There are 2 protein chains.
Amino acid sequence: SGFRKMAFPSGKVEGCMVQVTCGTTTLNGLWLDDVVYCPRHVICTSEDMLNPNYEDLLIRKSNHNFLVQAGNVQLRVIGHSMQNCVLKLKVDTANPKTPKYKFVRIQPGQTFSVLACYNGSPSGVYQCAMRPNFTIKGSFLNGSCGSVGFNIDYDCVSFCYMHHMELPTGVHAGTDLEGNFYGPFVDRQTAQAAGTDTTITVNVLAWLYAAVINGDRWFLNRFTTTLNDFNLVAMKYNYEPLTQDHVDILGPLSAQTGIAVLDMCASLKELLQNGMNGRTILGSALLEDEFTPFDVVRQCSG
Amino acid sequence: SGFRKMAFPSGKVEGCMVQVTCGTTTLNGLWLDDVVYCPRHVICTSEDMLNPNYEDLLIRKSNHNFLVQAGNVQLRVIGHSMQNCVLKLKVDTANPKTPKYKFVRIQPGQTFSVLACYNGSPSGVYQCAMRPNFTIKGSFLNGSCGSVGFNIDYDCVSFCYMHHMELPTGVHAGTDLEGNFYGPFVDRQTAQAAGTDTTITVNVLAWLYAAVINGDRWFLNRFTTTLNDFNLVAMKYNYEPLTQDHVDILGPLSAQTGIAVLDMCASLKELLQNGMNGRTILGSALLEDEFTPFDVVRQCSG
Ligand SMILES: *[C@H](S)C(=O)c1cccc(C(=O)Nc2ccccc2)c1
Ligand SMILES: *[C@H](S)C(=O)c1cccc(C(=O)Nc2ccccc2)c1
């Protein structure tokens with residue numbers, strides 16, 4: 001028992017992290033087979049970042065302008081290309097530590113592990129969720145771009161995020177491994193800002209099931225609700241709408257606990273309307289929305 | 001910016017995890033050089049667990065009774081011995097992935113990363129603190145014993161915890177790598193229970209400094225307090241006493257933010273006396289005490 005924000009073991013990703021330097025800009029890259037992936041911003045100067053034309057900047061570079069270091073070893077760059085907002089640096093050597101992998105794009109409301117890295121060296125690992133507004137609430141300092149987010153299933157690493165920047169509210173934006181941004185953000189200097197966000201309802205319900213599995217029951221009640229009435233309440237509290245697919249996805253947790261999904265929705269309605277009256281759930285005094293139903297099943301199945 | 005419960009990258013520990021089976025009991029072991037460390041409970045039957053004499057149980061075993069599997073490869077056991085509550089299984093082969101390492105015992109109030117493992121396979125990584133009452137609030141299911149806790153400094157893994165059991169409140173107990181339990185717990189069946197706990201004051205103050213570094217300032221005030229008056233309040237709220245060494249340890253964070261330690265203590269006093277009035281700090285509606293001053297400096301230095 002217990003319930004923690006748990007990341008995937010990071011070793012398979014650690015052995016892919018490298019340092020990429022262009023000019024005076026140093027950031028992280030992801031070395032898979034004989035390619036190193038990194039943010040294309042690495043080819044920019046500070047002055048370049050207002051309306052940069054990356055095609056022009058890149059045509060003015062050659063392979064020797066890219067310094068790739070894998071721990072102690074220099075990797076010889078033998079080709080370079082752009083793919084959306086990422087750069088692909090073809091190298092001399094295939095990474096002998098390449099895991100089985102996929103590039104997947106995730107949905108808002110899905111979670112993933114982040115391996116924060118600086119100068120190609122892994123620093124820490126933590127769990128993040130893609131917010132409805134396509135930002136992530138990460139923990140990143142200068143030099144962290146190029147750090148990646150991922151999930152692991154069996155022995156296969158599904159990379160879903162490369163870090164690019166910090167928005168003015170301190171939340172983070174980046175792309176998928178194909179270089180396509182999550183959300184309406186760009187890799188140039190603008191007044192871009194996170195849009196309005198909402199709470200991920202299905203995840204909050206998953207976490208209430210985790211709490212019941214772990215012995216927190218005080219918020220349960222004998223009541224039930226309809227999906228429509230619940231969604232009226234959700235809309236009032238800036239929660240996203242609950243669909244029948246969400247209800248279906250919560251099926252196994254409902255069966256394990258014997259608490260119907262619409263009964264748990266009645267509990268959530270009460271918690272939104274009344275607050276917690278000084279109590280906690282799984283060690284939190286707020287409703288947590290960064291655990292998916294899958295995260296709960298993975299951690300609480302025993 | 002941002003502030004997350006961040007674990008150390010787990011790869012160096014992943015390459016040390018193995019499966020140990022004795023009879024019908026399977027658990028995890030830690031393979032370093034040519035020794036595998038695991039909980040001595042592996043030699044028990046269910047009936048053995050009321051007043052077991054482990055010296056008797058072990059003298060009735062031979063090397064061939066221990067099955068050690070490192071992923072796909074069987075490791076031949078060539079010696080066995082007890083060291084307090086852990087078993088040391090000498091094996092045929094030295095682990096080629098052994099990191100630089102130390103066995104350190106930590107203090108209550110210190111944090112560490114936990115690599116949760118099942119059947120020798122790493123499952124997840126998360127950050128934990130040793131509570132004042134020598135339990136940890138982990139996330140562990142059946143089969144997780146033998147999982148370890150650790151910190152990493154430079155390239156050296158300091159192992160500080162091996163998991164043994166779950167107490168009736170759902171919190172966890174285990175030993176150091178020398179097999180000595182943290183706290184007054186034993187590896188036999190008793191009505192043992194976690195003792196009274198307290199909040200780790202110095203860590204809460206560290207986390208308030210993290211919040212200020214990250215732009216949460218609403219809880220600051222122009223007031224200050226004496227150490228004695230603050231500690232009267234701490235005692236009232238089941239917080240541990242703040243020492244001058246704690247104040248000294250908070251020195252760098254105080255200097256970085258320009259908020260004197262006893263000023264931040266005045267803020268903490270107000271928060272304990274008034275609550276939060278519906279606000280949050282670093283995304284929490286409660287005062288967080290599982291970040292050390294070191295954890296804050298490591299993550300918030302930028
Ligand atoms: C690095 S995180 C990166 O890819 C990037 C993309 C877009 C914009 C920036 C930026 O403006 N400033 C930097 C520079 C270096 C490191 C972090 C942020 C960066
Ligand atoms: C395994 S976590 C372990 O070392 C252990 C030590 C002391 C007591 C127990 C126990 O009673 N029951 C078990 C058995 C197997 C796995 C977890 C707990 C276990």
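Just so you know, these numbers use all the heavy atoms, side chains as well, and skip hydrogens, waters and symmetry mates. Each chain gets a letter, A, B and so on, in the order the sequences are listed, and its residues count up from 1.
Top candidate by heavy-atom pairs under 4.5 Å with chain A, chosen from B/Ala285, B/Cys300, B/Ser113, is B/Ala285. Ranked by heavy-atom pairs under 4.5 Å with chain A, the list B/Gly143, B/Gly170, B/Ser123 is led by B/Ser123. Listed options A/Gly138, A/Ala116, A/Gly215 were ranked by heavy-atom pairs under 4.5 angstrom with chain B; first place goes to A/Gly138. Annotation: maximal heavy-atom pairing with chain B below 4.5 Å, among A/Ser10, A/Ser139, A/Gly11, A/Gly2, occurs at A/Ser139. Chain B forms more heavy-atom pairs under 4.5 Å with one residue of A/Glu288, A/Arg298, A/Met276, A/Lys12 than with any other, namely A/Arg298.
For B/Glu14, the part lying near chain A is the side chain, with the backbone staying farther off; criterion is any non-hydrogen pair under 4.5 Å. Only the side chain of B/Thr280 has a heavy atom closer than 4.5 Å to any heavy atom of chain A.
A/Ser1 and B/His172 make their closest contact through O-CE1, 3.3 Å (heavy atoms, listed as atom of the first residue, atom of the second, distance). B/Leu141 and A/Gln299 make their closest contact through CD1-O, 3.4 Å (heavy atoms, listed as atom of the first residue, atom of the second, distance). Between B/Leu286 and A/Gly283, the shortest heavy-atom distance links the atoms CD2-O, 3.3 Å. Scanning all heavy atoms of the two residues, the minimum distance from A/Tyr126 to B/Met6 falls at CD2-CE, 3.7 Å. Nearest heavy atom pair, residue B/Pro9 against residue A/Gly124, reads CG-N, 3.9 Å. Residues B/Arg4 and A/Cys128 come closest through the heavy atom pair NH2-CA, 4.1 Å.
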